[PDB]
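Enquirer: Dumping the structure here so I can ask a few things about it.
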Amino acid sequence: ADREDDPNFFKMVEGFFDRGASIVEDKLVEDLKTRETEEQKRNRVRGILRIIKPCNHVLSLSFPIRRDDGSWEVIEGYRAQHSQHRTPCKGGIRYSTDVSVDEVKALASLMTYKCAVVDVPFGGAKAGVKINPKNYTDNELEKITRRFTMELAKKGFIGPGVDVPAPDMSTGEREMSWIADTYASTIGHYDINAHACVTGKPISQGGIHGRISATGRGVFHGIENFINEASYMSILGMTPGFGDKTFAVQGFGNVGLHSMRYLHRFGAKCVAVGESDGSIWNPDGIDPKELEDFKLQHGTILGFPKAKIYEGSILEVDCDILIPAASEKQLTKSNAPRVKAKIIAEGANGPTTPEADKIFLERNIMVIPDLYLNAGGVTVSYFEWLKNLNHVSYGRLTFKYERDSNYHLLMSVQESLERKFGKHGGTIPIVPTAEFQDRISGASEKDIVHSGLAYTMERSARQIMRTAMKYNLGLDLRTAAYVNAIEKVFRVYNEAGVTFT
Amino acid sequence: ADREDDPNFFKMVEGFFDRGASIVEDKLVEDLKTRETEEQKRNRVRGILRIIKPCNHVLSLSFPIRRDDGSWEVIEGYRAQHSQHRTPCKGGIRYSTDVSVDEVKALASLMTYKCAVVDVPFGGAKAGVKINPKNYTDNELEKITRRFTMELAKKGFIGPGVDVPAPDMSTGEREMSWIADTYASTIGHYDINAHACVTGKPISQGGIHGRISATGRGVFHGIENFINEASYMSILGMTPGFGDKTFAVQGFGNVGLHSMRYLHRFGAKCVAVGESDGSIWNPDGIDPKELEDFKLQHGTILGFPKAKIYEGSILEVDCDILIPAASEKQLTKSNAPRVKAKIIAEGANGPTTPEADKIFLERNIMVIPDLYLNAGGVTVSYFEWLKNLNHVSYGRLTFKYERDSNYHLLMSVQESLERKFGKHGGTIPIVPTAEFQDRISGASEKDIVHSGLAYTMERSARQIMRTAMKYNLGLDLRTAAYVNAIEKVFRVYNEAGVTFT
Amino acid sequence: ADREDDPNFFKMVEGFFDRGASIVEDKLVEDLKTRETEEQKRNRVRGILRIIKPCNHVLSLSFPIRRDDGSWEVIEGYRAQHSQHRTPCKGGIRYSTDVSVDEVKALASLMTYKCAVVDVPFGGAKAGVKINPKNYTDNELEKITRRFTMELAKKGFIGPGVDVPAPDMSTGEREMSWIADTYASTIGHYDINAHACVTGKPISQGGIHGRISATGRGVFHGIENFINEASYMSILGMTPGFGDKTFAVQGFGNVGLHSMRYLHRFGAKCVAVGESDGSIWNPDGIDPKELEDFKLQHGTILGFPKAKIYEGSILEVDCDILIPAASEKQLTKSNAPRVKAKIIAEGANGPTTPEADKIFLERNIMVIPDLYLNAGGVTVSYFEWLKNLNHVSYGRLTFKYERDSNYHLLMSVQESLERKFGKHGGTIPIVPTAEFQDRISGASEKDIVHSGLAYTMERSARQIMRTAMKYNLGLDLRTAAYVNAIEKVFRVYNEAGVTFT
Ligand SMILES: NC(=O)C1=CN([C@@H]2O[C@H](COP(=O)(O)OP(=O)(O)OC[C@H]3O[C@@H](n4cnc5c(N)ncnc54)[C@H](OP(=O)(O)O)[C@@H]3O)[C@@H](O)[C@H]2O)C=CC1
Ligand SMILES: NC(=O)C1=CN([C@@H]2O[C@H](COP(=O)(O)OP(=O)(O)OC[C@H]3O[C@@H](n4cnc5c(N)ncnc54)[C@H](OP(=O)(O)O)[C@@H]3O)[C@@H](O)[C@H]2O)C=CC1
Ligand SMILES: NC(=O)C1=CN([C@@H]2O[C@H](COP(=O)(O)OP(=O)(O)OC[C@H]3O[C@@H](n4cnc5c(N)ncnc54)[C@H](OP(=O)(O)O)[C@@H]3O)[C@@H](O)[C@H]2O)C=CC1
Ligand SMILES: Nc1nc2c(ncn2[C@@H]2O[C@H](COP(=O)(O)OP(=O)(O)OP(=O)(O)O)[C@@H](O)[C@H]2O)c(=O)[nH]1
Ligand SMILES: Nc1nc2c(ncn2[C@@H]2O[C@H](COP(=O)(O)OP(=O)(O)OP(=O)(O)O)[C@@H](O)[C@H]2O)c(=O)[nH]1
Ligand SMILES: Nc1nc2c(ncn2[C@@H]2O[C@H](COP(=O)(O)OP(=O)(O)OP(=O)(O)O)[C@@H](O)[C@H]2O)c(=O)[nH]1
Ligand SMILES: Oc1c(Cl)cc(Cl)cc1Sc1cc(Cl)cc(Cl)c1O
Ligand SMILES: Oc1c(Cl)cc(Cl)cc1Sc1cc(Cl)cc(Cl)c1O
Ligand SMILES: Oc1c(Cl)cc(Cl)cc1Sc1cc(Cl)cc(Cl)c1O
């Protein structure tokens with residue numbers, strides 16, 4: 001992911017952390033619920049922060065699997081649990097040769113800070129299996145994930161109340177299904193909540209509506225919240241709204257594909273899509289549906305008819321909004337001065353280096369941070385988990401009751417008015433509007449996911465704005481986010497019996 | 001140190017492994033129970049060996065502890081489990097700033113190879129907590145080990161049937177007691193075998209006789225087995241026996257102190273004792289009991305009256321036998337040409353580098369390998385574990401029965417002879433010899449430990465000699481040991497169904 | 001099996017049971033520890049016996065497996081637990097299309113009666129998977145047994161202290177290994193005794209010496225105990241001993257092959273070996289070692305050079321002893337009048353029908369019953385289980401102690417005599433005989449298995465003889481066996497909240 005500026009992903013995130021640690025250190029000694037004072041309160045805060053930064057647990061595994069051609073192979077895997085300040089750890093599983101102890105630790109800590117930003121009660125965790133999925137058959141991949149689950153289960157790295165994985169790079173519903181099945185068929189066979197051991201499951205296996213596209217939907221909302229402020233767009237030299245905007249996304253998987261689908265829906269036009277092979281381009285825009293079909297049938301976006309094979313880094317293309325949705329450290333000190341985009345919407349985790357962040361602050365480029373912007377995935381994963389614990393489809397017990405109820409409520413206003421305006425008025429039909437007619441039986445699963453996600457992205461967005469203001473951070477939203485996150489994680493160690501001298 | 005051949009400890013052991021892997025690879029394709037043939041049998045062996053080398057599990061921990069002065073501190077710890085080919089993993093816990101992921105992995109794998117050499121049914125494991133014990137109070141140390149136990153317990157890194165720790169550098173009965181107590185009071189409170197979760201415990205807590213001095217006793221036996229062969233001493237230019245031998249030990253702790261006590265008992269005289277501060281020397285010998293008292297009262301061996309402060313590396317002193325009983329990589333390419341000793345008895349784990357091994361083979365210096373020589377500790381740890389599972393003091397149920405039994409057996413020969421040689425002979429008292437009188441009621445715990453250890457060290461010693469011969473390895477006992485070890489670990493992997501038909 | 005007499009396998013055993021139930025019903029009302037009397041004591045015995053006959057639990061399973069060619073297949077399986085009067089149930093696993101609910105129930109009950117006869121503290125159990133192993137690959141078989149284990153484990157039909165399987169028809173070490181591995185890697189991963197969940201395991205996986213040939217060895221002993229009584233051979237018209245005897249075995253697997261090996265060792269000559277394809281014959285005898293090689297290389301005994309393909313039912317061949325070691329109901333009312341053999345040694349379970357038993361009693365043919373004769377397998381399975389619970393190789397802790405001990409004991413007689421017969425005698429070396437020299441270090445695993453089995457077969461044999469006498473049952477050993485068995489199982493009921501209250 002670079003040579004000159006390839007800081008260790010974990011140290012990189014610690015940098016992001018330490019930055020916010022400075023900014024809020026005062027509000028913390030303030031809110032510190034201690035009878036002691038001065039330097040002891042200053043010291044205590046530092047001690048607590050020193051606890052939060054390092055990952056509490058990291059499991060490195062080396063297990064064998066029998067390949068299809070009879071041969072034996074040893075594959076490596078890791079799962080790090082950054083924090084248990086909130087009982088169930090949460091974090092996906094990545095399948096890639098790029099994975100390593102440090103990459104996983106970094107991702108794990110990003111998970112807990114992001115959960116805090118978005119108010120999801122999970123400490124962060126992350127897993128990685130060092131393989132290139134494309135070099136294995138479906139049958140070998142199944143053996144790999146099922147075996148990996150058991151090793152995690154035996155050491156306490158997976159379970160409804162201990163640690164709940166989910167998809168990430170090169171893993172999806174299929175893998176999640178295998179994980180759930182392995183867990184429920186063995187260790188959790190007596191557990192009524194066995195299927196809540198993992199999220200991102202297929203809908204038919206206890207998964208939840210819109211989880212696959214949840215990150216993209218969330219990316220849309222995160223951009224929407226800022227792109228409609230004017231108090232922010234005036235500083236970038238842009239008009240609010242999506243209608244006259246162009247964007248380019250690096251990555252065309254679960255994050256990239258859906259981010260693109262949603263932005264295109266509200267008027268923004270996709271100017272370029274990138275992948276590992278390369279990228280494509282078209283100033284008149286590219287349609288998300290057609291591109292997905294081409295990719296689906298040909299296995300690559302390159303060669304797409306309604307566009308041209310671009311030659312010159314998808315990140316440097318000319319557009320209003322750049323959405324890196326691939327891997328980490330894609331924007332560094334080297335390519336940063338060349339982004340051409342005014343808004344960097346981080347769909348991926350850690351796509352920009354700290355050094356690249358500076359250049360972006362100088363060139364007046366707004367970087368909507370990953371720990372807020374991509375949290376739509378974990379947010380809906382939280383909903384999936386909750387659904388598995390309740391064992392019911394949201395609304396099932398209340399549809400008829402709320403429907404009958406709303407009609408009687410409306411009938412109460414109708415009758416009251418006919419009672420008043422006796423014969424003068426006549427019949428005064430009080431009927432639902434078309435919109436309320438669709439909400440007549442109350443919320444369903446799909447409804448809750450959508451409105452719940454929009455609500456979360458909005459609540460957290462304001463929180464970040466209020467914080468950027470209170471500390472005059474300008475377009476340094478990342479720092480505002482870590483500030484909010486440290487504050488929330490602090491609340492748990494602080495007020496807690498532990499730390500009461 | 002010395003700055004020259006300071007290799008990755010783990011890689012170093014892998015080197016030792018790969019060496020033996022070559023030497024036995026043929027006897028393995030031979031004993032391979034496969035219907036297939038040629039390269040497939042050759043390939044299968046390589047695949048299995050590739051499984052055995054890497055550690056299966058490594059847990060890295062970062063947990064906080066409240067220091068005595070109220071402050072918060074984060075301490076790091078690790079426990080690696082190299083192999084589970086034998087269900088309970090076994091390995092000590094080291095307290096040192098020198099500990100790291102690699103050091104622990106290396107030690108862990110040495111544990112499994114050593115258990116195999118000595119026929120103890122445990123896969124290897126090892127733990128390390130990165131602290132210098134001397135910079136903490138007893139109360140802080142207790143909090144550190146108890147908390148470390150819980151973290152290991154919750155992730156499956158300690159338990160009677162999963163993983164059984166023991167002492168190592170800077171840990172002893174005290175720490176083991178804390179570990180047992182923490183485990184038994186929490187997770188294992190219902191477990192009838194809870195106290196078998198750890199070994200090296202104080203005798204009053206379920207520990208076993210002679211475990212503290214077990215490594216020293218074993219070091220004595222390992223040296224005895226070779227120093228009395230002539231077929232080996234002729235090649236070193238020495239006479240068999242201990243009576244006219246001198247030795248120097250680097251380290252004066254659990255290994256060093258007892259190795260010294262036992263060698264001194266059979267006539268060998270200790271010429272020099274070394275520690276981290278430095279060493280002392282006296283050509284007429286130093287007495288183990290007096291040196292221990294001085295050390296006990298003054299906290300250091302330096303300044304001992306019946307000896308002089310030596311200035312010139314304890315490893316280079318002039319003597320017949322050198323016993324490094326401290327830490328790893330103490331004998332390298334740099335100091336090797338200067339040992340002056342003909343026999344290097346490795347009390348410590350990995351004290352000599354591979355490059356140092358060559359120089360030792362050329363200068364015709366016999367290196368009695370660590371995976372055999374120091375295994376007296378694990379061997380007796382195995383006895384402690386067995387004792388905890390049986391819940392009885394060895395002999396308690398049989399003392400009176402065997403005593404009465406032996407007298408009637410002896411009376412049977414007495415009466416038979418008086419019956420024959422009627423009045424010619426007269427009374428023909430058949431009485432035990434003084435030695436048999438002490439064995440009249442059968443073995444006690446102490447008896448089983450001593451005779452069990454001697455037996456083990458002897459059985460394994462012959463096995464190594466037979467192997468050094470079969471492959472003409474000369475004074476390369478280390479390689480003979482790994483050969484024996486790979487052979488034994490191999491057998492659990494071979495078997496049909498296991499690595500598959 | 002016929003169309004004439006092919007009684008229901010279960011009903012058939014109930015018949016055998018009811019027969020003995022009558023014979024001992026009186027000694028039971030006698031030994032009944034009741035204050036009440038007459039018919040109430042008579043009634044209570046009947047009630048208890050009504051409890052013992054039916055199997056307590058039977059699990060029928062239907063689970064899918066993915067065949068190698070991608071297709072899906074549903075396989076059927078069952079495991080019955082006849083009695084829990086002794087906590088761990090014990091019984092093998094059969095792979096055959098002949099398996100069914102009734103066959104397994106019958107086998108299960110035979111297991112508990114046989115364990116009682118042989119004094120092994122296990123209630124009986126049995127499993128069967130309805131497949132012909134030859135129509136599946138090794139990989140499919142592995143999936144089949146591993147999946148079957150999990151289904152049994154989840155419903156409490158396998159575990160160290162609940163139910164311990166073992167081999168039977170078409171299953172061996174390999175399958176047992178898969179079972180142990182599946183159990184220990186999942187449900188029993190924390191269990192220190194996980195590997196005792198099954199027996200008949202490969203030696204390198206915790207199996208025990210001589211388990212494979214244990215049934216054959218036991219068959220030898222069972223025949224030996226009766227063939228050397230004269231008080232029994234006079235009634236058959238035979239001389240005691242093996243030297244001048246000929247035999248024919250139906251079945252050349254784990255039971256048949258070893259029964260043949262052991263009888264041939266003590267002078268008896270094998271005249272014919274049978275299999276499903278057919279049989280072979282040679283009046284001068286057939287050598288067990290050569291026949292095994294031919295079978296091993298060609299997959300069939302037919303066509304063996306040092307013998308001829310026999311055409312006429314292996315059971316009707318002319319010989320002194322007939323050993324049916326295949327499946328049940330091979331000797332019925334139809335072929336019984338044609339056995340030509342004076343002794344029927346039942347290696348297999350239920351090879352003779354009740355109706356065939358009559359004809360055998362009339363023709364004065366002694367039928368050494370299966371519940372005694374083939375119990376060598378379970379007996380040694382019991383030793384394997386015990387070994388797994390103790391986690392040590394028998395003798396390992398005591399070899400050197402007992403060796404040193406015996407020499408001092410012998411030295412005590414030597415010194416006592418030299419003390420007496422001062423200079424008259426001179427040196428009076430007291431040295432072990434060659435035989436005692438091999439027993440100098442005490443018993444090893446192999447020693448305990450052999451001597452423990454011989455002891456058991458002998459103790460039970462006398463018990464049966466004493467019972468055949470006390471009731472003048474003549475050559476009706478089967479009934480004597482069930483009498484002994486009901487007595488032992490009933491004892492457990494004549495005191496467990498049963499006869500009481
Ligand atoms: N639920 C989720 O999955 C969530 C994921 N995220 C974030 O998004 C990333 C996950 O993407 P998912 O894992 O969603 O993506 P998926 O694996 O589908 O992404 C696939 C795309 O990534 C592209 N890609 C990979 N590496 C590069 C590269 N070096 N340069 C250009 N393109 C590249 C692939 O091209 P190609 O196929 O040729 O390699 C492919 O188009 C994570 O890092 C994570 O932080 C955040 C929240 C939720
Ligand atoms: N059961 C057991 O304990 C077993 C131990 N071993 C081996 O021995 C080691 C364990 O020793 P224990 O843990 O037994 O030792 P203990 O801590 O008692 O050893 C204490 C001694 O180690 C000396 N020491 C440490 N570092 C150095 C150095 N760089 N140079 C010179 N001397 C040094 C100390 O000097 P100072 O006090 O000034 O630091 C002290 O005299 C392990 O590495 C292991 O491989 C082998 C088998 C079993
Ligand atoms: N641990 C144990 O296994 C124990 C077993 N036993 C007894 O031994 C029997 C088990 O044998 P295992 O199951 O040991 O035998 P294994 O499957 O090895 O027996 C294989 C032999 O059975 C022969 N066979 C099967 N059916 C017939 C038939 N209808 N006619 C002629 N030969 C046949 C086979 O011929 P083919 O290959 O062509 O089918 C083959 O030679 C049981 O009934 C049991 O009572 C008793 C105690 C312990
Ligand atoms: N690739 C792709 N996936 C889709 C599409 N439509 C639905 N899905 C699946 O369903 C989820 C997307 O749901 P949405 O289409 O965004 O739901 P919605 O249309 O916004 O719901 P409404 O606003 O009430 O109409 C993902 O998890 C997909 O698996 C599509 O057009 N393309
Ligand atoms: N306090 C103290 N304890 C010691 C000393 N030396 C050894 N020990 C400890 O106890 C042994 C003491 O053994 P006894 O003194 O009980 O040993 P023993 O039975 O004569 O040993 P053997 O002669 O080899 O059979 C070791 O296990 C040490 O842990 C010493 O000098 N002082
Ligand atoms: N299939 C088979 N296995 C055998 C035979 N002979 C011995 N065994 C084995 O008994 C083995 C170890 O046997 P040893 O200790 O060398 O046997 P012995 O030499 O003590 O064996 P026996 O002659 O049966 O008493 C197991 O691994 C079995 O495979 C045989 O003829 N056929
Ligand atoms: O680990 C496996 C082994 Cl030994 C054999 C097979 Cl046929 C598959 C696997 S993967 C796996 C699958 C499940 Cl359902 C459970 C576990 Cl415990 C597994 O390891
Ligand atoms: O972990 C500890 C906390 Cl939070 C507070 C205190 Cl006063 C001690 C400890 S150490 C410890 C000791 C035991 Cl007996 C059990 C556990 Cl669970 C410990 O962590
Ligand atoms: O049941 C299986 C599934 Cl669903 C997938 C694979 Cl590849 C193998 C099996 S068999 C099996 C093997 C193990 Cl080790 C554990 C379990 Cl519970 C199994 O079902």
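The chains in the structure tokens are called A, B, ... from first to last as shown; in each chain the residues are counted from 1, and the ligands are counted from 1 in the order shown.
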Compute the set of protein, DNA and RNA residues whose minimum atom distance to ligand 2 is at most 6 Å, using only C-alpha atoms and all ligand atoms, and state it as a PDB file with C-alpha atoms, in the first residue's frame.
Expert:
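Output file part-v2.pdb follows:
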ATOM      1  CA  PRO B 167       7.689 -22.454  37.260  1.00  0.00           C
ATOM      2  CA  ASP B 168      10.485 -21.064  35.096  1.00  0.00           C
ATOM      3  CA  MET B 169      12.570 -17.886  35.318  1.00  0.00           C
ATOM      4  CA  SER B 170      11.699 -15.832  38.398  1.00  0.00           C
ATOM      5  CA  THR B 215      15.840 -30.345  37.309  1.00  0.00           C
ATOM      6  CA  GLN B 250      26.199 -20.128  34.994  1.00  0.00           C
ATOM      7  CA  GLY B 251      23.088 -19.426  37.054  1.00  0.00           C
ATOM      8  CA  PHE B 252      22.500 -20.076  40.740  1.00  0.00           C
ATOM      9  CA  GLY B 253      18.725 -20.499  40.824  1.00  0.00           C
ATOM     10  CA  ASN B 254      16.459 -23.548  40.846  1.00  0.00           C
ATOM     11  CA  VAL B 255      18.458 -25.247  38.058  1.00  0.00           C
ATOM     12  CA  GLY B 274      28.030 -17.238  37.848  1.00  0.00           C
ATOM     13  CA  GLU B 275      25.195 -14.737  38.003  1.00  0.00           C
ATOM     14  CA  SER B 276      24.010 -11.559  36.248  1.00  0.00           C
ATOM     15  CA  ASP B 277      26.185  -9.317  38.456  1.00  0.00           C
ATOM     16  CA  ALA B 325      21.734 -22.770  33.714  1.00  0.00           C
ATOM     17  CA  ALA B 326      20.559 -19.232  32.990  1.00  0.00           C
ATOM     18  CA  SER B 327      18.952 -17.982  29.792  1.00  0.00           C
ATOM     19  CA  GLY B 347      20.620 -26.970  32.144  1.00  0.00           C
ATOM     20  CA  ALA B 348      18.938 -23.946  30.606  1.00  0.00           C
ATOM     21  CA  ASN B 349      16.776 -23.962  27.482  1.00  0.00           C
ATOM     22  CA  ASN B 374      16.894 -30.527  31.662  1.00  0.00           C
ATOM     23  CA  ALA B 375      13.743 -32.634  31.207  1.00  0.00           C
ATOM     24  CA  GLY B 377      11.659 -30.858  35.726  1.00  0.00           C
TER      25      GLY B 377
END
Enquirer: Step by step, measure atom-to-atom distances between ligand 5 and each residue using only C-alpha atoms and all ligand atoms, keep those at most 8 Å, then write them as a VMD selection string.
Expert: chain B and resid 209 to 214 217 258 261 to 262 288 to 289 292 to 293 446 450
Enquirer: Export, as a PDB file, in the first residue's frame, the selected residues with N, CA, C and O atoms.
Expert:
ATOM      1  N   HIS B 209       7.034 -34.156  46.241  1.00  0.00           N
ATOM      2  CA  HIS B 209       8.396 -34.226  46.757  1.00  0.00           C
ATOM      3  C   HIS B 209       9.467 -34.085  45.668  1.00  0.00           C
ATOM      4  O   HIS B 209       9.342 -34.656  44.588  1.00  0.00           O
ATOM      5  N   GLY B 210      10.506 -33.323  45.960  1.00  0.00           N
ATOM      6  CA  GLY B 210      11.593 -33.159  45.010  1.00  0.00           C
ATOM      7  C   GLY B 210      11.332 -32.471  43.686  1.00  0.00           C
ATOM      8  O   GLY B 210      12.111 -32.639  42.763  1.00  0.00           O
ATOM      9  N   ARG B 211      10.255 -31.704  43.559  1.00  0.00           N
ATOM     10  CA  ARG B 211      10.019 -31.021  42.290  1.00  0.00           C
ATOM     11  C   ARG B 211      10.950 -29.813  42.139  1.00  0.00           C
ATOM     12  O   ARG B 211      11.433 -29.536  41.046  1.00  0.00           O
ATOM     13  N   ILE B 212      11.205 -29.101  43.232  1.00  0.00           N
ATOM     14  CA  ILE B 212      12.072 -27.934  43.188  1.00  0.00           C
ATOM     15  C   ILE B 212      13.464 -28.307  42.689  1.00  0.00           C
ATOM     16  O   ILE B 212      14.021 -27.654  41.800  1.00  0.00           O
ATOM     17  N   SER B 213      14.021 -29.371  43.250  1.00  0.00           N
ATOM     18  CA  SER B 213      15.351 -29.823  42.857  1.00  0.00           C
ATOM     19  C   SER B 213      15.316 -30.849  41.726  1.00  0.00           C
ATOM     20  O   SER B 213      16.353 -31.367  41.328  1.00  0.00           O
ATOM     21  N   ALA B 214      14.132 -31.126  41.188  1.00  0.00           N
ATOM     22  CA  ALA B 214      14.021 -32.127  40.138  1.00  0.00           C
ATOM     23  C   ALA B 214      14.894 -31.854  38.906  1.00  0.00           C
ATOM     24  O   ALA B 214      15.437 -32.788  38.321  1.00  0.00           O
ATOM     25  N   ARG B 217      18.595 -32.651  39.819  1.00  0.00           N
ATOM     26  CA  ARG B 217      18.759 -34.098  39.974  1.00  0.00           C
ATOM     27  C   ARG B 217      18.828 -34.719  38.585  1.00  0.00           C
ATOM     28  O   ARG B 217      19.659 -35.598  38.315  1.00  0.00           O
ATOM     29  N   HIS B 258      20.722 -26.546  42.316  1.00  0.00           N
ATOM     30  CA  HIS B 258      20.614 -27.977  42.535  1.00  0.00           C
ATOM     31  C   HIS B 258      21.527 -28.830  41.671  1.00  0.00           C
ATOM     32  O   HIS B 258      21.955 -29.909  42.101  1.00  0.00           O
ATOM     33  N   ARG B 261      24.494 -28.760  43.647  1.00  0.00           N
ATOM     34  CA  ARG B 261      24.381 -29.592  44.847  1.00  0.00           C
ATOM     35  C   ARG B 261      24.609 -31.076  44.523  1.00  0.00           C
ATOM     36  O   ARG B 261      25.396 -31.758  45.197  1.00  0.00           O
ATOM     37  N   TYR B 262      23.932 -31.575  43.485  1.00  0.00           N
ATOM     38  CA  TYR B 262      24.054 -32.989  43.143  1.00  0.00           C
ATOM     39  C   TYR B 262      25.432 -33.394  42.587  1.00  0.00           C
ATOM     40  O   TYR B 262      25.946 -34.454  42.939  1.00  0.00           O
ATOM     41  N   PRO B 288      28.438 -25.988  47.902  1.00  0.00           N
ATOM     42  CA  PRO B 288      27.073 -25.560  47.595  1.00  0.00           C
ATOM     43  C   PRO B 288      26.261 -25.052  48.806  1.00  0.00           C
ATOM     44  O   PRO B 288      25.551 -24.055  48.686  1.00  0.00           O
ATOM     45  N   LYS B 289      26.369 -25.713  49.952  1.00  0.00           N
ATOM     46  CA  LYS B 289      25.620 -25.285  51.131  1.00  0.00           C
ATOM     47  C   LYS B 289      26.046 -23.905  51.651  1.00  0.00           C
ATOM     48  O   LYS B 289      25.199 -23.054  51.935  1.00  0.00           O
ATOM     49  N   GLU B 292      24.989 -21.097  49.250  1.00  0.00           N
ATOM     50  CA  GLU B 292      23.552 -20.842  49.303  1.00  0.00           C
ATOM     51  C   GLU B 292      23.197 -19.961  50.506  1.00  0.00           C
ATOM     52  O   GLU B 292      22.310 -19.106  50.412  1.00  0.00           O
ATOM     53  N   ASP B 293      23.882 -20.162  51.630  1.00  0.00           N
ATOM     54  CA  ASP B 293      23.618 -19.349  52.815  1.00  0.00           C
ATOM     55  C   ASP B 293      24.031 -17.906  52.567  1.00  0.00           C
ATOM     56  O   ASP B 293      23.290 -16.970  52.879  1.00  0.00           O
ATOM     57  N   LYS B 446       8.351 -40.103  47.627  1.00  0.00           N
ATOM     58  CA  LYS B 446       9.749 -39.761  47.412  1.00  0.00           C
ATOM     59  C   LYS B 446      10.458 -40.852  46.607  1.00  0.00           C
ATOM     60  O   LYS B 446      11.250 -40.561  45.704  1.00  0.00           O
ATOM     61  N   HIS B 450      12.238 -40.319  42.719  1.00  0.00           N
ATOM     62  CA  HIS B 450      13.649 -40.621  42.496  1.00  0.00           C
ATOM     63  C   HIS B 450      13.885 -41.730  41.494  1.00  0.00           C
ATOM     64  O   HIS B 450      14.602 -41.560  40.508  1.00  0.00           O
TER      65      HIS B 450
END
Enquirer: Under the rule that only C-alpha atoms are counted, which of A:286, A:24, A:153, A:481 is the nearest residue to chain C?
Expert: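 Result for the nearest residue to chain C: A:153.
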Enquirer: Measuring atom to atom with only C-alpha atoms, identify which of C:203, C:317, C:443, C:489 is nearest to chain B.
Expert: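 Among C:203, C:317, C:443, C:489, it is C:203 that comes nearest to chain B.
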Enquirer: Counting only C-alpha atoms and all ligand atoms, what are the residues of chain C within 7 Å of ligand 9, and for each of them which pair of atoms is the nearest and at what distance in Å, to one decimal? Sort the table by chain and rising number, as a tab-separated table.
Expert:
residue	atom	partner	partner_atom_place_in_ligand_line	distance
C:143	CA	ligand 9	10 (S)	4.6
C:144	CA	ligand 9	10 (S)	6.8
C:146	CA	ligand 9	12 (C)	4.9
C:147	CA	ligand 9	19 (O)	4.0
C:150	CA	ligand 9	17 (Cl)	5.2
C:182	CA	ligand 9	14 (Cl)	5.1
Enquirer: What are the DSSP helix (DSSP H, G or I) residues of region 85-269 of chain C, as an MDAnalysis selection string?
Expert: chainID C and resid 101:117 133:135 138:154 173:185 194:197 203:205 214:227 254:265
